[PDB]
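Dumped data10.txt below, it's compact mmCIF, N, CA and C atoms:
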```
# COMPACT_ATOMS: atom_id res chain seq x y z
N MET A 1 1.20 19.67 -0.92
CA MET A 1 0.66 19.90 -2.25
C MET A 1 0.63 18.60 -3.06
N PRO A 2 1.82 17.95 -3.15
CA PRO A 2 1.94 16.70 -3.88
C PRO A 2 1.32 15.54 -3.10
N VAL A 3 1.31 14.38 -3.74
CA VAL A 3 0.76 13.19 -3.12
C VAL A 3 1.64 12.78 -1.93
N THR A 4 1.14 13.06 -0.74
CA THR A 4 1.86 12.73 0.48
C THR A 4 1.41 11.37 1.01
N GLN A 5 1.90 11.05 2.20
CA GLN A 5 1.56 9.79 2.83
C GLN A 5 0.06 9.72 3.10
N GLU A 6 -0.41 10.63 3.94
CA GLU A 6 -1.82 10.68 4.29
C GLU A 6 -2.67 10.71 3.03
N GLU A 7 -2.03 11.06 1.92
CA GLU A 7 -2.72 11.14 0.64
C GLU A 7 -2.95 9.73 0.09
N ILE A 8 -1.89 8.94 0.11
CA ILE A 8 -1.97 7.57 -0.38
C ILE A 8 -2.40 6.64 0.75
N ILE A 9 -2.54 7.23 1.93
CA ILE A 9 -2.95 6.46 3.10
C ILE A 9 -4.41 6.79 3.43
N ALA A 10 -4.73 8.07 3.34
CA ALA A 10 -6.08 8.53 3.62
C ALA A 10 -6.88 8.58 2.32
N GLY A 11 -6.21 9.02 1.27
CA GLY A 11 -6.84 9.12 -0.04
C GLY A 11 -7.22 7.74 -0.57
N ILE A 12 -6.31 6.79 -0.38
CA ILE A 12 -6.54 5.43 -0.83
C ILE A 12 -7.48 4.72 0.14
N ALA A 13 -7.13 4.79 1.41
CA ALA A 13 -7.93 4.16 2.45
C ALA A 13 -9.41 4.42 2.17
N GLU A 14 -9.71 5.68 1.88
CA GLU A 14 -11.08 6.08 1.59
C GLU A 14 -11.62 5.29 0.39
N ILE A 15 -10.80 5.24 -0.65
CA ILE A 15 -11.19 4.53 -1.86
C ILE A 15 -11.38 3.05 -1.54
N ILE A 16 -10.46 2.53 -0.73
CA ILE A 16 -10.52 1.13 -0.34
C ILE A 16 -11.88 0.84 0.29
N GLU A 17 -12.41 1.84 0.98
CA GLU A 17 -13.70 1.70 1.63
C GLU A 17 -14.83 1.76 0.60
N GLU A 18 -14.43 1.89 -0.66
CA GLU A 18 -15.39 1.96 -1.74
C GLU A 18 -15.39 0.65 -2.54
N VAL A 19 -14.19 0.16 -2.81
CA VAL A 19 -14.03 -1.07 -3.56
C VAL A 19 -14.15 -2.26 -2.60
N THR A 20 -13.18 -2.35 -1.70
CA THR A 20 -13.16 -3.43 -0.72
C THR A 20 -14.17 -3.16 0.39
N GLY A 21 -14.54 -1.89 0.51
CA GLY A 21 -15.50 -1.49 1.53
C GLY A 21 -14.89 -1.58 2.93
N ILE A 22 -13.56 -1.54 2.96
CA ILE A 22 -12.84 -1.62 4.22
C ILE A 22 -12.83 -0.23 4.88
N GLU A 23 -12.48 -0.22 6.16
CA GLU A 23 -12.42 1.02 6.91
C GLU A 23 -11.26 1.88 6.42
N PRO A 24 -11.41 3.22 6.61
CA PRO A 24 -10.39 4.16 6.20
C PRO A 24 -9.19 4.12 7.15
N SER A 25 -9.50 4.22 8.44
CA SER A 25 -8.46 4.20 9.46
C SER A 25 -7.83 2.81 9.53
N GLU A 26 -8.59 1.82 9.09
CA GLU A 26 -8.11 0.44 9.10
C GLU A 26 -6.91 0.29 8.16
N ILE A 27 -7.05 0.86 6.97
CA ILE A 27 -5.99 0.80 5.99
C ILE A 27 -4.74 1.50 6.54
N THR A 28 -3.61 0.82 6.40
CA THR A 28 -2.35 1.36 6.88
C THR A 28 -1.24 1.11 5.86
N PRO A 29 -0.09 1.80 6.08
CA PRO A 29 1.05 1.66 5.19
C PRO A 29 1.77 0.33 5.43
N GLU A 30 1.21 -0.45 6.35
CA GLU A 30 1.79 -1.74 6.68
C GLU A 30 1.09 -2.85 5.90
N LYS A 31 0.15 -2.44 5.07
CA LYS A 31 -0.60 -3.39 4.26
C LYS A 31 0.36 -4.15 3.34
N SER A 32 -0.16 -5.21 2.74
CA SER A 32 0.64 -6.02 1.85
C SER A 32 -0.09 -6.21 0.51
N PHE A 33 -1.14 -5.41 0.34
CA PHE A 33 -1.93 -5.47 -0.88
C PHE A 33 -2.91 -6.64 -0.84
N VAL A 34 -2.46 -7.74 -0.25
CA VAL A 34 -3.28 -8.93 -0.13
C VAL A 34 -3.13 -9.51 1.27
N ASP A 35 -1.89 -9.81 1.63
CA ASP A 35 -1.60 -10.37 2.94
C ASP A 35 -2.50 -9.71 3.98
N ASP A 36 -2.83 -8.46 3.73
CA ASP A 36 -3.68 -7.70 4.64
C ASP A 36 -5.07 -7.57 4.03
N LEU A 37 -5.14 -6.80 2.95
CA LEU A 37 -6.40 -6.57 2.26
C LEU A 37 -7.17 -7.89 2.18
N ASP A 38 -6.51 -8.90 1.62
CA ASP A 38 -7.12 -10.21 1.48
C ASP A 38 -8.26 -10.13 0.45
N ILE A 39 -8.29 -9.01 -0.26
CA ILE A 39 -9.32 -8.80 -1.27
C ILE A 39 -8.80 -9.29 -2.62
N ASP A 40 -7.49 -9.45 -2.70
CA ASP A 40 -6.86 -9.91 -3.92
C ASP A 40 -6.55 -8.70 -4.82
N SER A 41 -6.16 -9.00 -6.05
CA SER A 41 -5.83 -7.96 -7.00
C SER A 41 -7.09 -7.52 -7.75
N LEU A 42 -8.20 -8.15 -7.39
CA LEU A 42 -9.47 -7.84 -8.02
C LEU A 42 -9.90 -6.42 -7.62
N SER A 43 -10.21 -6.27 -6.34
CA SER A 43 -10.63 -4.98 -5.82
C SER A 43 -9.47 -3.99 -5.90
N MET A 44 -8.32 -4.42 -5.42
CA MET A 44 -7.13 -3.58 -5.43
C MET A 44 -6.95 -2.92 -6.80
N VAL A 45 -7.30 -3.67 -7.84
CA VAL A 45 -7.18 -3.17 -9.20
C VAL A 45 -8.05 -1.92 -9.36
N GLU A 46 -9.17 -1.92 -8.64
CA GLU A 46 -10.09 -0.80 -8.70
C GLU A 46 -9.53 0.39 -7.92
N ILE A 47 -9.19 0.12 -6.67
CA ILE A 47 -8.64 1.16 -5.81
C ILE A 47 -7.61 1.97 -6.59
N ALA A 48 -6.85 1.27 -7.41
CA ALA A 48 -5.82 1.91 -8.22
C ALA A 48 -6.49 2.68 -9.36
N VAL A 49 -7.40 2.00 -10.04
CA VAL A 49 -8.11 2.60 -11.15
C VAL A 49 -8.64 3.98 -10.73
N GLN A 50 -8.85 4.12 -9.43
CA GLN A 50 -9.35 5.37 -8.88
C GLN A 50 -8.18 6.30 -8.54
N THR A 51 -7.33 5.82 -7.65
CA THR A 51 -6.17 6.60 -7.23
C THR A 51 -5.39 7.09 -8.44
N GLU A 52 -5.30 6.23 -9.44
CA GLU A 52 -4.59 6.56 -10.66
C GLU A 52 -5.41 7.53 -11.51
N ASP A 53 -6.60 7.83 -11.02
CA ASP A 53 -7.50 8.74 -11.72
C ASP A 53 -7.72 9.99 -10.86
N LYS A 54 -8.28 9.77 -9.68
CA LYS A 54 -8.55 10.86 -8.76
C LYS A 54 -7.38 11.84 -8.79
N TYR A 55 -6.17 11.28 -8.80
CA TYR A 55 -4.97 12.09 -8.82
C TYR A 55 -4.30 12.04 -10.20
N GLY A 56 -4.06 10.82 -10.66
CA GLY A 56 -3.43 10.62 -11.95
C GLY A 56 -2.01 10.05 -11.79
N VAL A 57 -1.82 9.36 -10.68
CA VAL A 57 -0.52 8.76 -10.39
C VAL A 57 -0.22 7.69 -11.44
N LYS A 58 1.06 7.39 -11.59
CA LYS A 58 1.50 6.39 -12.55
C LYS A 58 1.77 5.07 -11.82
N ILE A 59 0.84 4.15 -11.97
CA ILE A 59 0.97 2.84 -11.34
C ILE A 59 0.30 1.78 -12.21
N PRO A 60 0.90 1.57 -13.42
CA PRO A 60 0.37 0.59 -14.35
C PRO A 60 0.70 -0.83 -13.90
N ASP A 61 0.07 -1.79 -14.57
CA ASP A 61 0.29 -3.19 -14.25
C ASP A 61 1.79 -3.46 -14.17
N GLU A 62 2.52 -2.88 -15.12
CA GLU A 62 3.96 -3.06 -15.17
C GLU A 62 4.58 -2.73 -13.81
N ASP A 63 3.83 -1.97 -13.02
CA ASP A 63 4.30 -1.57 -11.70
C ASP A 63 3.41 -2.23 -10.64
N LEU A 64 2.14 -2.37 -10.98
CA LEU A 64 1.18 -2.97 -10.07
C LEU A 64 1.61 -4.41 -9.76
N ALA A 65 2.52 -4.91 -10.59
CA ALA A 65 3.02 -6.26 -10.42
C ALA A 65 4.07 -6.28 -9.30
N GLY A 66 4.86 -5.22 -9.26
CA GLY A 66 5.90 -5.10 -8.26
C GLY A 66 5.32 -4.64 -6.92
N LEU A 67 4.48 -3.62 -6.99
CA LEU A 67 3.85 -3.08 -5.80
C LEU A 67 3.45 -4.23 -4.87
N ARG A 68 4.09 -4.26 -3.71
CA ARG A 68 3.81 -5.29 -2.73
C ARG A 68 3.05 -4.71 -1.54
N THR A 69 3.46 -3.51 -1.14
CA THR A 69 2.83 -2.84 -0.02
C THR A 69 2.55 -1.37 -0.37
N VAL A 70 1.89 -0.69 0.55
CA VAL A 70 1.55 0.71 0.36
C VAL A 70 2.84 1.50 0.10
N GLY A 71 3.81 1.28 0.97
CA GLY A 71 5.09 1.97 0.86
C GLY A 71 5.64 1.86 -0.56
N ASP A 72 5.42 0.70 -1.16
CA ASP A 72 5.89 0.45 -2.51
C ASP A 72 4.92 1.08 -3.51
N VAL A 73 3.64 1.03 -3.15
CA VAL A 73 2.61 1.59 -4.01
C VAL A 73 2.69 3.12 -3.96
N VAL A 74 3.41 3.61 -2.96
CA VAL A 74 3.57 5.05 -2.80
C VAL A 74 4.87 5.49 -3.47
N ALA A 75 5.96 4.86 -3.06
CA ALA A 75 7.26 5.17 -3.61
C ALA A 75 7.16 5.25 -5.14
N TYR A 76 6.67 4.17 -5.72
CA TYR A 76 6.51 4.11 -7.16
C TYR A 76 5.96 5.42 -7.72
N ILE A 77 5.22 6.12 -6.87
CA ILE A 77 4.63 7.39 -7.26
C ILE A 77 5.65 8.51 -7.04
N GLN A 78 5.82 8.87 -5.78
CA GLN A 78 6.76 9.92 -5.42
C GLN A 78 8.11 9.68 -6.09
N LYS A 79 8.65 8.48 -5.86
CA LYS A 79 9.93 8.11 -6.44
C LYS A 79 9.96 8.54 -7.91
N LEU A 80 8.88 8.25 -8.61
CA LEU A 80 8.77 8.59 -10.01
C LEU A 80 9.03 10.09 -10.18
N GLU A 81 8.50 10.86 -9.25
CA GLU A 81 8.66 12.31 -9.28
C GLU A 81 10.00 12.70 -8.66
N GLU A 82 9.97 12.90 -7.35
CA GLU A 82 11.17 13.28 -6.62
C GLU A 82 10.80 13.83 -5.24
N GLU A 83 10.78 12.93 -4.27
CA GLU A 83 10.45 13.30 -2.90
C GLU A 83 11.49 12.75 -1.93
N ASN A 84 11.40 11.45 -1.68
CA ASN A 84 12.33 10.80 -0.78
C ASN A 84 13.17 9.79 -1.56
N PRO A 85 14.33 10.29 -2.08
CA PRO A 85 15.23 9.44 -2.85
C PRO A 85 16.01 8.50 -1.94
N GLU A 86 15.26 7.77 -1.12
CA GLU A 86 15.87 6.83 -0.19
C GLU A 86 15.32 5.42 -0.43
N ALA A 87 14.01 5.30 -0.29
CA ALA A 87 13.35 4.02 -0.49
C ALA A 87 11.84 4.22 -0.48
N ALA A 88 11.37 4.89 0.56
CA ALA A 88 9.94 5.15 0.70
C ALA A 88 9.64 5.53 2.15
N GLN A 89 8.35 5.62 2.44
CA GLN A 89 7.91 5.98 3.79
C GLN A 89 7.55 4.71 4.57
N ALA A 90 8.57 4.12 5.18
CA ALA A 90 8.38 2.92 5.97
C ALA A 90 9.73 2.23 6.18
N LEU A 91 10.47 2.10 5.09
CA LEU A 91 11.78 1.46 5.15
C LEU A 91 12.50 1.91 6.43
N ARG A 92 13.13 0.94 7.07
CA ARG A 92 13.86 1.22 8.30
C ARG A 92 14.81 0.07 8.63
N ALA A 93 15.68 -0.23 7.68
CA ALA A 93 16.64 -1.30 7.85
C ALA A 93 17.23 -1.68 6.49
N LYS A 94 18.09 -0.81 5.99
CA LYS A 94 18.73 -1.03 4.70
C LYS A 94 17.67 -0.96 3.60
N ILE A 95 18.07 -0.36 2.48
CA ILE A 95 17.18 -0.21 1.35
C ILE A 95 16.70 -1.60 0.90
N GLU A 96 17.53 -2.25 0.11
CA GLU A 96 17.21 -3.57 -0.39
C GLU A 96 16.51 -4.40 0.69
N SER A 97 17.09 -4.37 1.88
CA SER A 97 16.54 -5.10 3.00
C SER A 97 15.32 -4.36 3.56
N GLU A 98 14.35 -4.14 2.68
CA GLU A 98 13.14 -3.45 3.07
C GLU A 98 12.26 -4.35 3.94
N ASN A 99 11.51 -3.72 4.82
CA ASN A 99 10.63 -4.46 5.71
C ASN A 99 9.69 -3.48 6.42
N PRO A 100 8.57 -3.16 5.72
CA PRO A 100 7.58 -2.24 6.27
C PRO A 100 6.75 -2.91 7.37
N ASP A 101 7.41 -3.17 8.48
CA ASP A 101 6.75 -3.81 9.61
C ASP A 101 7.52 -3.50 10.89
N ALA A 102 8.79 -3.89 10.89
CA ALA A 102 9.64 -3.66 12.04
C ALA A 102 9.37 -4.74 13.09
N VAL A 103 9.24 -5.97 12.61
CA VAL A 103 8.98 -7.09 13.50
C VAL A 103 9.90 -7.00 14.72
N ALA A 104 9.56 -7.78 15.73
CA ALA A 104 10.34 -7.80 16.96
C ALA A 104 9.76 -8.84 17.91
N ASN A 105 9.69 -10.07 17.42
CA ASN A 105 9.16 -11.17 18.22
C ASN A 105 9.10 -12.43 17.36
N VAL A 106 8.22 -13.34 17.76
CA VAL A 106 8.05 -14.59 17.04
C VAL A 106 6.60 -14.73 16.60
N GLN A 107 6.36 -15.70 15.73
CA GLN A 107 5.02 -15.95 15.22
C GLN A 107 4.68 -17.43 15.32
N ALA A 108 3.77 -17.86 14.46
CA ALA A 108 3.35 -19.25 14.43
C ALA A 108 2.40 -19.51 15.61
N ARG A 109 1.77 -18.44 16.07
CA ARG A 109 0.84 -18.53 17.18
C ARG A 109 -0.56 -18.09 16.75
N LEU A 110 -0.77 -18.09 15.44
CA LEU A 110 -2.05 -17.69 14.88
C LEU A 110 -2.85 -18.94 14.51
N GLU A 111 -4.14 -18.74 14.29
CA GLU A 111 -5.02 -19.83 13.93
C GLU A 111 -5.81 -19.48 12.67
N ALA A 112 -7.02 -20.01 12.60
CA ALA A 112 -7.89 -19.76 11.46
C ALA A 112 -9.32 -20.15 11.81
N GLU A 113 -10.23 -19.86 10.89
CA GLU A 113 -11.63 -20.17 11.09
C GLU A 113 -12.06 -21.32 10.17
N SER A 114 -11.91 -21.08 8.88
CA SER A 114 -12.28 -22.08 7.89
C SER A 114 -13.79 -22.31 7.92
N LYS A 115 -14.33 -22.59 6.74
CA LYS A 115 -15.76 -22.84 6.62
C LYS A 115 -16.15 -24.02 7.50
```
Entire entry expressed as structure tokens:
Amino acid sequence: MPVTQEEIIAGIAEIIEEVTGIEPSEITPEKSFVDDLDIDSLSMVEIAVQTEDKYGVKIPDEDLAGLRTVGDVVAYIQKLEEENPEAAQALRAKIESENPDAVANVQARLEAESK
């Protein structure tokens, strides 16, 4: 009934495909708002303008500033209400020590394109 995961994952993802024009299934709770989206706070600002409307969730700038990932963009919602008084849907290694990824290897093996 309330705003669930698939809600902020499917509901938003869909919206994201409107502002950023990104794929729905592409959007995941592992996003970083930018690190992933790479659209910046420009489009993201819209996705919210919608999500915060379509449903009416509370995610003002005062919070949009903290929101780092979907899990955070979600918690801020549910948390506000009362669903999972733990951390959010992703956390898996101490609260404070949040990490919506679950790394398990090394990096520094990526490249780039550049104009």
Nearest-residue call for residue 5 (chain A), choices A:34, A:74, A:65, A:42, using all atoms listed in the file: A:74
Contacts of residue 15 (chain A) at 8 Å (all atoms listed in the file; same-chain gap of 3+ positions) as a PyMOL selection string: chain A and resi 9-12+18-24+46-48+50-51
Give one line per residue of region 10-49 of chain A that approaches region 88-98 of chain A to at most 12 Å, naming the two atoms of the closest pair and their distance in Å to one decimal, counting only C-alpha atoms; sort by chain then ascending residue number and deliver it as JSON lines.
```
{"residue": "A:28", "atom": "CA", "partner": "A:90", "partner_atom": "CA", "distance": 10.9}
{"residue": "A:29", "atom": "CA", "partner": "A:90", "partner_atom": "CA", "distance": 7.5}
{"residue": "A:30", "atom": "CA", "partner": "A:90", "partner_atom": "CA", "distance": 8.1}
{"residue": "A:31", "atom": "CA", "partner": "A:90", "partner_atom": "CA", "distance": 11.1}
```
Near-residue 32 (chain A) list (8 Å; all atoms listed in the file; drop same-chain fewer than 3 positions) as an MDAnalysis selection string: chainID A and resid 28:29 35:38 67:71
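We find atom N of residue 49 (chain A) and CA of residue 85 (chain A) to be spaced 24.9 Å apart.
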DSSP helix (DSSP H, G or I) selection over chain A, as JSON, numbers by chain: {"A": [5, 6, 7, 8, 9, 10, 11, 12, 13, 14, 15, 16, 17, 18, 19, 40, 41, 42, 43, 44, 45, 46, 47, 48, 49, 50, 51, 52, 53, 54, 61, 62, 63, 64, 70, 71, 72, 73, 74, 75, 76, 77, 78, 79, 80, 81]}
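With CA of residue 40 (chain A) on one side and atom C of residue 55 (chain A) on the other, the separation reads 23.0 Å.
One finds CA of residue 103 (chain A) at 26.2 Å from CA of residue 63 (chain A).
Comparing A:16, A:86, A:25, A:56 by their smallest distance to residue 44 (chain A), the closest is A:16 (using all atoms listed in the file).
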